[PDB]
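Below is one structure, written out as structure tokens, with a few remarks after it.
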Amino acid sequence: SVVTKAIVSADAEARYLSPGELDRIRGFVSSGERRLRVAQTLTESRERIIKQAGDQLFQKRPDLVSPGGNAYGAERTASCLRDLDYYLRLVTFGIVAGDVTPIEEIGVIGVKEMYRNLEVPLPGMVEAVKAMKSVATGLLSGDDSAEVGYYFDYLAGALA
Amino acid sequence: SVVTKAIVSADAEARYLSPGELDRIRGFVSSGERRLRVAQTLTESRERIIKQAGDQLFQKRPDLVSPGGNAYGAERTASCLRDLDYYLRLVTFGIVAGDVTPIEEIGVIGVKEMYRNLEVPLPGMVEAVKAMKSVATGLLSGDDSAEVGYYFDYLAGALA
Amino acid sequence: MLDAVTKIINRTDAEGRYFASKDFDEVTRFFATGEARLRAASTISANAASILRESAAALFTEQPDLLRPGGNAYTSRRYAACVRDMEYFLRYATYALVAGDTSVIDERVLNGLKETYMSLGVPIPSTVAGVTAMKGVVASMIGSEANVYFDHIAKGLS
Amino acid sequence: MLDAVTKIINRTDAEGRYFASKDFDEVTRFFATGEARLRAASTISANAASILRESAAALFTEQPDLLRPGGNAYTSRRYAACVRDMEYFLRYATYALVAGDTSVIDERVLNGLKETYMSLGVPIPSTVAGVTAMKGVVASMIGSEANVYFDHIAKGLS
Amino acid sequence: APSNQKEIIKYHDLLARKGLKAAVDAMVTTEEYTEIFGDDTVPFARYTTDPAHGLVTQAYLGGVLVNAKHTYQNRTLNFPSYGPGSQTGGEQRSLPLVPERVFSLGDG
Amino acid sequence: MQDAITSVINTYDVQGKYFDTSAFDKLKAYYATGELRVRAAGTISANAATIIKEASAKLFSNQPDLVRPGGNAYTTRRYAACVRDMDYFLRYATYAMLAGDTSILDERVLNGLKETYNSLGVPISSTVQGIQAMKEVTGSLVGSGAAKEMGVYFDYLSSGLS
Amino acid sequence: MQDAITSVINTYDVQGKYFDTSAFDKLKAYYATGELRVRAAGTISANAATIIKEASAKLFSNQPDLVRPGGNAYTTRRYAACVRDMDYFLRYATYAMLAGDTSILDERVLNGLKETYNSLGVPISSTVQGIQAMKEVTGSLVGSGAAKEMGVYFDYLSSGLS
Amino acid sequence: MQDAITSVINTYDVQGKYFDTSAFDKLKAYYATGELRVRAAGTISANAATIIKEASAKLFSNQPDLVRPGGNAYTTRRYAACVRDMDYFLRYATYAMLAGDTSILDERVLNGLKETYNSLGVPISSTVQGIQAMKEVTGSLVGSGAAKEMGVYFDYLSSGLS
Amino acid sequence: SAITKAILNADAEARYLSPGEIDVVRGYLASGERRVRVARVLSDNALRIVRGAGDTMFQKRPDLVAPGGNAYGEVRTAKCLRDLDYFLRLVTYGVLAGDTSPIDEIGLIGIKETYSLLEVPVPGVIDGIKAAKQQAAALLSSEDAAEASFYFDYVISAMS
Amino acid sequence: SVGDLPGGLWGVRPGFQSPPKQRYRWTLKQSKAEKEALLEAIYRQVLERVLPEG
Amino acid sequence: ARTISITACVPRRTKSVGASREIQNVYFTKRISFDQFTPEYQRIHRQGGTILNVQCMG
Amino acid sequence: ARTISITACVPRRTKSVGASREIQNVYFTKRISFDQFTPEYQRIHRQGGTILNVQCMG
Ligand SMILES: CCC1=C(C)/C(=C/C2=NC(=C\c3[nH]c(/C=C4\NC(=O)[C@H](C)[C@H]4CC)c(C)c3CCC(=O)O)/C(CCC(=O)O)=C2C)NC1=O
Ligand SMILES: CCC1=C(C)/C(=C/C2=NC(=C\c3[nH]c(/C=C4\NC(=O)[C@H](C)[C@H]4CC)c(C)c3CCC(=O)O)/C(CCC(=O)O)=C2C)NC1=O
Ligand SMILES: CCC1=C(C)/C(=C/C2=NC(=C\c3[nH]c(/C=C4\NC(=O)[C@H](C)[C@H]4CC)c(C)c3CCC(=O)O)/C(CCC(=O)O)=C2C)NC1=O
Ligand SMILES: CCC1=C(C)/C(=C/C2=NC(=C\c3[nH]c(/C=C4\NC(=O)[C@H](C)[C@H]4CC)c(C)c3CCC(=O)O)/C(CCC(=O)O)=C2C)NC1=O
Ligand SMILES: CCC1=C(C)/C(=C/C2=NC(=C\c3[nH]c(/C=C4\NC(=O)[C@H](C)[C@H]4CC)c(C)c3CCC(=O)O)/C(CCC(=O)O)=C2C)NC1=O
Ligand SMILES: CCC1=C(C)/C(=C/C2=NC(=C\c3[nH]c(/C=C4\NC(=O)[C@H](C)[C@H]4CC)c(C)c3CCC(=O)O)/C(CCC(=O)O)=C2C)NC1=O
Ligand SMILES: CCC1=C(C)/C(=C/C2=NC(=C\c3[nH]c(/C=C4\NC(=O)[C@H](C)[C@H]4CC)c(C)c3CCC(=O)O)/C(CCC(=O)O)=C2C)NC1=O
Ligand SMILES: CCC1=C(C)/C(=C/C2=NC(=C\c3[nH]c(/C=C4\NC(=O)[C@H](C)[C@H]4CC)c(C)c3CCC(=O)O)/C(CCC(=O)O)=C2C)NC1=O
Ligand SMILES: CCC1=C(C)/C(=C/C2=NC(=C\c3[nH]c(/C=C4\NC(=O)[C@H](C)[C@H]4CC)c(C)c3CCC(=O)O)/C(CCC(=O)O)=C2C)NC1=O
Ligand SMILES: CCC1=C(C)/C(=C/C2=NC(=C\c3[nH]c(/C=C4\NC(=O)[C@H](C)[C@H]4CC)c(C)c3CCC(=O)O)/C(CCC(=O)O)=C2C)NC1=O
Ligand SMILES: CCC1=C(C)/C(=C/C2=NC(=C\c3[nH]c(/C=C4\NC(=O)[C@H](C)[C@H]4CC)c(C)c3CCC(=O)O)/C(CCC(=O)O)=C2C)NC1=O
């Protein structure tokens, strides 16, 4: 998180946190309630988000659910929807943490090897993430939508 | 010690001691009785050395034993005299060893951190070592005085 | 357990040396203060009921909320547990005073007490207030010989 | 505890299958090594006192600080516990050699041993050095047949 | 010595996917190597705690243990991995419901 | 490392669940104490040298043999190493307080410390006493609430060594 | 490492003898199987990614709890490490088949692997199941004789782990 | 490593005492033997290769199966490793004789050596025999008083390995 | 004996004899004739076994019969040979019985306290038992020698 | 107090390797003996011992 | 100090029958301290046992 | 492959001074393999150093 990054930075220099690192922690702590409200808004609407995101993905990319596609069939489509649910939960984790570190440690490190083994096309993951970003940021307020769009953007850049 | 230094230099090259290091050891062992007499002389008169050195130090730097000074009070002055006695003992150790290794490894490594933690002024330490050097070399003949003065100079440089 | 003499013996044994002059001076100081320490311990033992009565009164006059419903000393059972804990503190303080050492308090009393109180919801600040009240009551009787042991219990609890 | 036959039986049962040809071959290989393992176990049992003596001598020759005042082997009681631990290691490694399986070591020796040593301050790398010295002595007498079992104890401590 | 599982993971992935040369290239190009050994000092065994440069207490203990060892002293992995379990896995074993045998005068 | 927030995240990620009401309660509880922790860390940073000086004085006053000849703190290098250890303990306890979690103490302080001290002949009970002295000095410095919080990580170090 | 030829060489060197008829029979036997081994190694190398995909899919179908939350193969990192380890087993089995000797599996794979997995918490029974899945998948590619040969080394790995 | 001088310094420093007459007697004895030690060290360094040649010749004459196939010193690589081991033993024995102290043998030679030899299969009794051969040859070279001095460190190595 | 051991195991959990217990009893009954042969050979040769063991023991450590030794004097030496004969007779009992319970009940339980009280050196007794084992194995076949050697080593281990 | 290897109980270093406090630094201009010695220091610390000739 | 030897027959009616030997529990004579006389007296009465004999040796 | 000679000046402005000789690692000319070039280029930049000369031997 923000606190973890500040402490790792201070420890890597073998020193107490500077005024800058304490300012980072202080600004993070002040924003905690808004972060929880955002993450709770996303959590209560998890099923609607995943359903609409899957709909936009499969409309924009019918070849994914067409015969010969990676997500063809009910089981493979359900596993695609399950992966979108994973990444939405990871986005909420990142929001409460104030940084993308939970996202990286659970769903980005080794992701390209995993989807290479699964033959899941990474471009399709990118438009799935962009779809889920549009759907999720639609539910939030203007100030909050940009902040969570940053997490979705990081995850999309990590898949690409 | 001189012997240990030669053996370690030879071991760091995985070879037997060269003729030069054997000359070094012969010079060390041929001078053993002289430096043994010098060390015994310093040990016999330790009390006079410490008393005159304390007097000279407190004359030349009176703020140490004035109120607010680090050695102010009978108990703190006793602690001051005690570790002057420490350094006299280490100087005798270094004399019998033939080099400053006992002095370095018992009294010099971490000495600035130790006296930082103890709030002891370090220039006061240097001035105390110089005073001890004057008193201790007053008790010895010229050739012995120079050799002992070298060890005291090593202390003064290490503290400064 | 450990008293002062066993502490000195353990130190010298860990250094693998016989007693020297400094250790003999230390043990003689222990033997010198021993008689006053037994007098204090016997006086505490003889007056233990009075000490508990006064200290419990002082605690519950300072903090009347403990006895009212919802307080941690509100029942016959919770009040009995409270005065029992004060009895423990006094008894082990007397042990430490005779021993001349506080290791018995660390081992038999303090280790696990914080977790016991947190588990049960005993208010530790109020327990420290009770220990302080006991320290005053006992000092009014024997002098200042047991002050360090009550201070040890208070520092360990806080 | 388990032995080789029971280990193979549990393996076949986890699959709910009868013994196949390879399972019978593994059991036959275990039966074929039985006489050598029994003679090795008897040899260890006959020389257990000497094995322990040379093992302790080797341990404390490597690390004489353990016996010096302040070492973890410094007292009659603490040295006694050290040699008793090595005796346990020897007897239970002999058991595991007879059974052909290291489960007896896990059940009777490594059941809280590492936690016990970390709690008591027993220096684990030194204990492993002692176990390895005993392994060397046992190998000098009977060969490598027991090495793995001694290694197990070391791996249980690391 | 390696101090934690992340230190092990970095170089184990480098060995698993790219070989020895890549792992050596990565390890001598780290900033710790540059700060401690630099460009012209032979690497040496490190014994003073220096957490900013990787000598945390576990690195120290592992280093003094491995540097106390002759070459080919054994084949054991001194740092097989850091993790929740033990090397022998005795925590995963099944415990007997009753001790193998119980002591009674009536039982004989 | 793992702070309190990442600890909650890990507990919910192993179970594969989105954040429940109790998770948001724990997160709000952590955020509620953020300013107090930051103030305490700033204060401890300002007075770190003073804390170490006072606590080392207290430790050596209670156990004078540590610094006299034959003690494990008798040499300038050993005295310096001891005060350096106390400095480490205070800095990492401040880190743990800021994180609200003892994980960093485990991964970077406590793992292997007891075996290290055993192999070096460092008296562990004396080290625990030094940590207790630091706890008292630091708590008096930072006040009631910050003391109640710093004491948790001081006691964690003490229990790990003990 | 030791292959079959150097295994014969080592036996005869240790006993200090020139090759006799029996050594020459062992060497003829190795050379005669050489083309089959080279063919199988080329086929496995060309198909290694496909073999790993099929085997990991069969393993995670048979044990879905591995890749769901709370499983040892649950994260992108731990899934990647799982299939990485499967790549190890396939590659080292191919080495041992090409060499005609299991010594490389002892030196480079099995030594300390149980301890690594038990320290990490990696389930070894599921790892053996994955090795079995790779055995069937590889046999599906290489044909009767090559399948029988590769199965020896897969079973050696299974026995060394289980 | 400690020499005689540093051994005395260590005892008196841990006791916090100045040198007394007993310390001066011990240091005086070391200075008295110093010339003999230096001459023996020079003689051993001048004849080190000759010592290794004669002692290994004796060792492989008494135990000729070591250098034949199946022996632990049969190959050029293992023979070279053996004579190199003997060379290191001789050089560290000379170091310890110069220092008048066996500390360097504990710190650089003996610790873990027995376990290494057991793990490699080096016959430890044959190694002790080679050390005894080096002792006999060295004592022949360096004369009776130096022989008594040098044999103490040779026997220290032999006992460490036995 | 060997039968009593199986019966005790069966009686401990209040059941009939298990197949393993039956197999143990059957093996003991099958080995009975070899056991009788070994016991008869040991018994008919007892006197010279004891004589040789005593002579070899005294030769190994003469301090036993030296003045101030525990065997010093005619009566104490006679008791020494009596103890050796006792131990050999118990060895034959164990050979016949198929286990060590006769040896334990008659001569091993309490022998440690007895010899500690009487200041009997246990190593000397162990040496005498080893000598008796060698003398017995000298006049036995290899299988019979091993069968007796198990019980001799059991006695030796009980001494220590 | 004097002349102790770091490590406490494990204050040992196999004689095949360099003494635990020795440093070896390459300087641009140095004698050829120093160049040789630094080369054996590199082999001694990376390969843990001196290689056979060749 | 004084101790009591008590002889009691405790039937096993309330419990089910068991293949394990139980005759030692049913009929016994045991040595107890005086401080333990009342608890075991009541314990025997609780189980349906009958006190057959009481002795105090002195 | 190919080797590239880099002449670079890498100051020590980020840390305190020391008595040890330091001049050789501050200003240097070394050639490295092509696959090592990017890491060294970036390492020089990160420590505040300046790349003075780049040459391709050949
Ligand atoms: C928490 C981190 C984590 C993730 C994300 C993860 C993903 C993951 N996705 C899987 C299957 C899958 N995943 C997908 C998803 C794809 N379908 C379309 O192509 C899209 C582009 C894309 C999703 C938007 C599909 C189709 C499958 C089935 C593939 C197959 O079985 O052939 C599997 C194999 C086992 C299973 O089905 O449960 C994993 C492990 N695992 C993890 O531990
Ligand atoms: C809800 C359960 C509950 C009970 C039963 C209870 C009884 C109780 N009565 C107490 C004191 C007292 N109890 C009495 C009552 C006595 N005065 C006369 O002698 C009478 C004979 C007799 C009453 C009929 C008095 C006067 C005190 C206060 C004086 C003292 O300290 O003894 C105390 C000690 C704490 C205090 O001072 O309030 C308790 C715990 N407390 C509880 O929380
Ligand atoms: C010999 C060392 C020792 C100590 C110190 C000790 C303390 C102790 N106090 C306990 C309970 C208690 N202790 C208290 C006392 C508190 N009530 C508050 O109002 C007061 C401020 C404070 C006392 C001054 C109370 C009320 C309980 C009952 C808690 C409950 O059951 O809810 C218990 C749990 C057992 C029980 O229910 O009685 C222990 C173990 N035990 C020991 O063996
Ligand atoms: C049958 C299964 C079994 C095992 C395995 C076992 C080991 C064992 N060793 C113990 C203590 C000990 N173990 C040692 C041994 C160490 N001393 C060091 O110098 C050596 C490096 C090392 C031995 C090679 C020592 C000294 C103690 C006493 C520690 C103390 O009391 O402070 C203890 C704690 C209780 C006690 O002191 O008896 C156990 C349980 N006990 C068992 O019942
Ligand atoms: C960042 C976390 C961390 C810690 C805590 C840590 C402790 C630590 N202290 C050490 C030495 C030491 N530690 C002490 C401290 C002791 N002296 C007195 O006895 C006191 C009771 C006690 C301190 C209060 C001393 C004296 C030494 C030197 C021991 C020696 O060299 O002989 C060492 C051995 C390596 C070295 O000296 O640099 C470590 C690893 N290291 C770490 O990386
Ligand atoms: C053998 C190597 C060694 C040395 C040298 C050493 C120094 C040393 N001096 C100390 C106290 C002291 N040292 C001094 C000396 C200073 N007062 C004036 O400023 C003078 C400039 C100066 C002396 C010339 C004083 C006044 C104290 C007591 C101050 C205090 O209580 O902190 C202490 C604190 C422990 C104690 O009081 O016993 C140490 C460790 N320790 C060692 O292990
Ligand atoms: C398999 C690898 C291997 C080799 C090659 C080897 C060679 C070897 N030759 C030896 C002796 C010898 N070797 C020779 C050979 C030389 N005489 C002439 O000068 C020739 C130029 C040359 C041979 C063509 C001689 C003369 C001896 C006897 C040396 C002596 O008596 O001391 C010895 C000493 C042990 C013994 O005599 O049995 C070895 C170990 N050892 C090995 O483990
Ligand atoms: C200075 C302290 C020190 C010593 C002594 C030391 C000994 C040592 N000897 C070794 C191998 C060896 N050592 C020997 C020598 C033995 N074989 C013969 O039969 C003789 C009986 C005997 C010598 C007289 C041999 C043959 C090997 C090779 C074993 C193998 O590779 O299989 C090795 C394994 C690494 C290597 O091959 O270089 C070590 C570490 N290391 C040290 O740091
Ligand atoms: C069949 C069961 C049985 C055994 C085993 C047995 C041993 C035994 N030997 C005894 C005396 C003795 N035992 C010995 C023999 C020992 N001292 C010598 O040094 C030897 C080292 C060693 C024999 C190898 C001696 C010399 C005595 C006489 C010591 C005395 O009079 O105090 C005694 C004390 C009572 C007596 O004098 O007879 C017993 C009980 N007695 C039994 O009824
Ligand atoms: C292993 C040795 C052993 C023996 C021998 C033994 C006999 C025995 N039989 C008992 C009860 C009994 N035993 C019998 C059986 C008798 N009454 C019928 O008329 C039959 C003619 C006859 C049996 C053939 C009955 C009816 C009782 C219950 C009587 C009662 O308690 O009221 C009891 C009292 C415990 C109980 O009720 O279970 C014992 C101790 N217990 C032992 O542990
Ligand atoms: C032993 C051989 C040796 C020499 C000679 C040497 C000189 C030297 N001086 C340096 C820095 C410096 N040197 C100076 C010297 C001063 N500038 C002016 O103000 C003064 C007139 C002048 C001194 C009288 C300064 C100011 C710097 C810092 C420059 C900077 O970092 O911007 C540096 C760059 C690395 C560093 O900052 O430590 C070197 C290499 N280094 C060596 O290893």
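Chain identifiers are assigned as A, B, and so on, following the order in which chains appear in the structure tokens; residues are numbered from 1 within each chain, and ligands are numbered from 1 in order of appearance.
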**Q.** Long-range neighbours of residue 34 (chain L) as a VMD selection string, 7 Å cut-off, only C-alpha atoms, 4 positions minimum in chain
**A.** chain L and resid 2 to 4
Residues from the last selection, N, CA, C and O atoms, saved as a compact mmCIF listing (two decimals), in the first residue's frame:
# COMPACT_ATOMS: atom_id res chain seq x y z
N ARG L 2 29.69 -7.98 -30.75
CA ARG L 2 30.39 -6.72 -30.86
C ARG L 2 30.56 -6.11 -29.47
O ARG L 2 29.73 -6.31 -28.59
N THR L 3 31.65 -5.37 -29.30
CA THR L 3 31.98 -4.74 -28.03
C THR L 3 31.95 -3.23 -28.22
O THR L 3 32.35 -2.72 -29.27
N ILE L 4 31.45 -2.52 -27.22
CA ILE L 4 31.33 -1.07 -27.27
C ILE L 4 32.16 -0.48 -26.14
O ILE L 4 32.00 -0.87 -24.98
Q) Within 9 Å of residue 29 (chain K), counting only C-alpha atoms, which residues qualify if same-chain residues fewer than 4 places away don't, as an MDAnalysis selection string? A) chainID K and resid 5:9 53
Set out as a tab-separated table a contact list for chain F and ligand 1 with a cut-off of 10 Å, giving each residue of chain F that qualifies its closest atom pair and distance in Å to one decimal, counting only C-alpha atoms and all ligand atoms, ordered by chain and rising residue number.
residue	atom	partner	partner_atom_place_in_ligand_line	distance
F:13	CA	ligand 1	1 (C)	8.4
F:14	CA	ligand 1	1 (C)	9.8
F:16	CA	ligand 1	1 (C)	8.5
Q: Let me have all residues with an atom within 6 Å of ligand 9, counting only C-alpha atoms and all ligand atoms, laid out as an NGL selection string.
A: :I and (64 or 70-71 or 76-77 or 79-80 or 83-84 or 86 or 106-107 or 118 or 120-121 or 124-125 or 128)
How about saving the chosen residues, N, CA and C atoms kept, as a PDB file, in the first residue's frame?
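Just written: out.pdb:
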ATOM      1  N   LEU I  64      41.466 -55.021  38.827  1.00  0.00           N
ATOM      2  CA  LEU I  64      40.375 -55.707  39.510  1.00  0.00           C
ATOM      3  C   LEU I  64      40.894 -56.595  40.633  1.00  0.00           C
ATOM      4  N   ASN I  70      38.322 -54.590  43.572  1.00  0.00           N
ATOM      5  CA  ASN I  70      37.088 -55.154  44.107  1.00  0.00           C
ATOM      6  C   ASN I  70      37.152 -56.678  44.106  1.00  0.00           C
ATOM      7  N   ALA I  71      37.885 -57.260  43.166  1.00  0.00           N
ATOM      8  CA  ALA I  71      38.058 -58.704  43.124  1.00  0.00           C
ATOM      9  C   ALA I  71      39.250 -59.176  43.942  1.00  0.00           C
ATOM     10  N   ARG I  76      36.529 -62.894  46.891  1.00  0.00           N
ATOM     11  CA  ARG I  76      35.926 -61.969  45.939  1.00  0.00           C
ATOM     12  C   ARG I  76      36.130 -62.440  44.503  1.00  0.00           C
ATOM     13  N   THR I  77      37.280 -63.047  44.209  1.00  0.00           N
ATOM     14  CA  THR I  77      37.478 -63.645  42.891  1.00  0.00           C
ATOM     15  C   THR I  77      36.521 -64.812  42.670  1.00  0.00           C
ATOM     16  N   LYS I  79      33.563 -65.068  43.964  1.00  0.00           N
ATOM     17  CA  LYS I  79      32.275 -64.443  43.685  1.00  0.00           C
ATOM     18  C   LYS I  79      32.230 -63.880  42.271  1.00  0.00           C
ATOM     19  N   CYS I  80      33.365 -63.394  41.775  1.00  0.00           N
ATOM     20  CA  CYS I  80      33.438 -62.906  40.401  1.00  0.00           C
ATOM     21  C   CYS I  80      33.139 -64.013  39.396  1.00  0.00           C
ATOM     22  N   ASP I  83      29.516 -64.846  39.506  1.00  0.00           N
ATOM     23  CA  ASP I  83      28.705 -63.922  38.723  1.00  0.00           C
ATOM     24  C   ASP I  83      28.775 -64.249  37.239  1.00  0.00           C
ATOM     25  N   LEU I  84      29.970 -64.575  36.743  1.00  0.00           N
ATOM     26  CA  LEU I  84      30.089 -64.958  35.337  1.00  0.00           C
ATOM     27  C   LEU I  84      29.273 -66.209  35.031  1.00  0.00           C
ATOM     28  N   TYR I  86      26.642 -67.224  36.683  1.00  0.00           N
ATOM     29  CA  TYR I  86      25.244 -66.810  36.747  1.00  0.00           C
ATOM     30  C   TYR I  86      24.794 -66.206  35.428  1.00  0.00           C
ATOM     31  N   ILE I 106      15.777 -62.624  36.674  1.00  0.00           N
ATOM     32  CA  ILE I 106      16.670 -63.308  37.601  1.00  0.00           C
ATOM     33  C   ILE I 106      17.915 -62.480  37.882  1.00  0.00           C
ATOM     34  N   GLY I 107      18.480 -61.843  36.865  1.00  0.00           N
ATOM     35  CA  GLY I 107      19.796 -61.273  37.052  1.00  0.00           C
ATOM     36  C   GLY I 107      20.040 -59.858  36.580  1.00  0.00           C
ATOM     37  N   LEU I 118      28.103 -51.922  45.701  1.00  0.00           N
ATOM     38  CA  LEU I 118      29.286 -52.700  46.034  1.00  0.00           C
ATOM     39  C   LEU I 118      30.544 -52.180  45.361  1.00  0.00           C
ATOM     40  N   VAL I 120      31.357 -52.236  42.251  1.00  0.00           N
ATOM     41  CA  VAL I 120      31.779 -53.104  41.156  1.00  0.00           C
ATOM     42  C   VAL I 120      31.888 -52.270  39.887  1.00  0.00           C
ATOM     43  N   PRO I 121      33.027 -52.293  39.194  1.00  0.00           N
ATOM     44  CA  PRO I 121      33.139 -51.545  37.936  1.00  0.00           C
ATOM     45  C   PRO I 121      32.334 -52.230  36.840  1.00  0.00           C
ATOM     46  N   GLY I 124      34.316 -53.551  33.788  1.00  0.00           N
ATOM     47  CA  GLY I 124      34.953 -54.845  33.974  1.00  0.00           C
ATOM     48  C   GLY I 124      33.997 -56.005  33.765  1.00  0.00           C
ATOM     49  N   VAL I 125      32.774 -55.880  34.284  1.00  0.00           N
ATOM     50  CA  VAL I 125      31.768 -56.919  34.084  1.00  0.00           C
ATOM     51  C   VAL I 125      31.431 -57.051  32.607  1.00  0.00           C
ATOM     52  N   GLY I 128      34.117 -59.000  30.981  1.00  0.00           N
ATOM     53  CA  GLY I 128      33.957 -60.418  31.253  1.00  0.00           C
ATOM     54  C   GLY I 128      32.866 -61.052  30.415  1.00  0.00           C
TER      55      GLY I 128
END
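With distances taken over only C-alpha atoms, F:67 is the one residue among F:29, F:67, F:83, F:90 lying closest to chain H.
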Q. Quick one: residues within 12 Å of residue 32 (chain I), only C-alpha atoms counted, chain neighbours fewer than 6 positions away excluded, as a ChimeraX atom specification?
A. /I:2-3,25-26,38-39,95-98
Q: List all protein, DNA and RNA residues that have any atom at most 6 Å from ligand 4, counting only C-alpha atoms and all ligand atoms, and write the list as number ranges by chain.
A: D: 66, 72-73, 78-79, 81-82, 85-86, 88, 108-109, 113, 120, 122-123, 126-127, 130
Export N, CA and C atoms of the chosen residues as a short mmCIF file (atom, residue, chain, number, x, y, z; two decimals), in the first residue's frame?
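Now in again.cif:
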data_model
loop_
_atom_site.label_atom_id
_atom_site.label_comp_id
_atom_site.auth_asym_id
_atom_site.auth_seq_id
_atom_site.Cartn_x
_atom_site.Cartn_y
_atom_site.Cartn_z
N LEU D 66 30.62 -24.66 23.61
CA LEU D 66 29.39 -25.21 24.17
C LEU D 66 29.59 -25.70 25.59
N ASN D 72 25.63 -23.56 25.93
CA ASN D 72 24.35 -24.22 26.12
C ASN D 72 24.54 -25.66 26.55
N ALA D 73 25.75 -26.17 26.49
CA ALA D 73 26.05 -27.47 27.06
C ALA D 73 26.73 -27.36 28.41
N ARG D 78 22.87 -29.84 31.62
CA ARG D 78 22.71 -29.46 30.23
C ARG D 78 23.51 -30.38 29.31
N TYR D 79 24.71 -30.77 29.74
CA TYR D 79 25.46 -31.80 29.02
C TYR D 79 24.71 -33.13 29.03
N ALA D 81 21.48 -33.53 29.13
CA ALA D 81 20.39 -33.41 28.17
C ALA D 81 20.89 -33.50 26.74
N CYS D 82 22.07 -32.93 26.48
CA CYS D 82 22.64 -33.00 25.14
C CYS D 82 22.95 -34.44 24.73
N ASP D 85 19.79 -36.36 24.17
CA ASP D 85 19.19 -36.07 22.87
C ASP D 85 19.87 -36.85 21.77
N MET D 86 21.20 -36.90 21.79
CA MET D 86 21.91 -37.67 20.77
C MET D 86 21.60 -39.16 20.89
N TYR D 88 18.70 -40.38 21.93
CA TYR D 88 17.40 -40.49 21.30
C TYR D 88 17.53 -40.53 19.79
N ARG D 108 7.88 -39.39 16.84
CA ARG D 108 8.44 -39.45 18.18
C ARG D 108 9.57 -38.48 18.44
N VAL D 109 10.23 -37.97 17.41
CA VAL D 109 11.41 -37.14 17.60
C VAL D 109 11.18 -35.69 17.16
N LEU D 113 10.23 -30.72 18.34
CA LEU D 113 11.63 -30.61 18.72
C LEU D 113 12.22 -29.26 18.32
N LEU D 120 14.13 -22.99 24.01
CA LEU D 120 15.10 -23.15 25.08
C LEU D 120 16.43 -22.49 24.75
N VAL D 122 18.54 -23.82 22.52
CA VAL D 122 19.47 -24.85 22.04
C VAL D 122 19.97 -24.47 20.66
N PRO D 123 21.28 -24.35 20.44
CA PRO D 123 21.77 -23.87 19.14
C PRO D 123 21.58 -24.94 18.08
N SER D 126 24.50 -26.18 15.79
CA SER D 126 25.38 -27.05 16.56
C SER D 126 24.76 -28.43 16.76
N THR D 127 23.45 -28.49 17.00
CA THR D 127 22.78 -29.78 17.12
C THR D 127 22.87 -30.56 15.81
N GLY D 130 26.22 -32.04 15.52
CA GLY D 130 26.31 -33.26 16.31
C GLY D 130 25.63 -34.45 15.66
#
